């Protein structure tokens, strides 16, 4: 529908958003995608302004997240002074 690349500089509190989903822990019914579930006021992602709630995380750096477990994507995001996000919306 629309793919976008977004680069975030990690802040003192991390990236300032939350995610749910994955092959091990779907967030919707029979949906394994990793979705953005919250963008925190005052965090790096909100300051950037581009990330939206329910964006699908397609890739983190050069690592695709389309059929992966939750903690895999978590490790990509949490470990990393600058992180390149490819998302779908």
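Numbering follows the first chain given and starts at 1.
| task | Using what the record says, work out whether there is a hole in the model between residue 79 and residue 80 and how many deposited residues it spans (none, 1 to 3, 4 to 9, 10 or more). | result | According to the record, 1 to 3 deposited residues lack coordinates from residue 79 to residue 80.
| task | Could you check which stretch, 24-32 or 51-59, carries the larger mean CA temperature factor in the entry? | result | Result: 24-32.
| task | Just say lowest, middle or highest third for the CA B-factor of residue 6 relative to the other modelled residues in its chain. | result | As the PDB entry reports it, the C-alpha B-factor of residue 6 lands in the highest third of its chain.
| Mind checking which third residue 68 falls in for C-alpha B-factor across the chain? | It belongs to the highest third of the chain when residues are ordered by C-alpha B-factor.
| Chain-relative CA temperature factor third for residue 40 | Answer is highest: the recorded C-alpha B-factor places it there.
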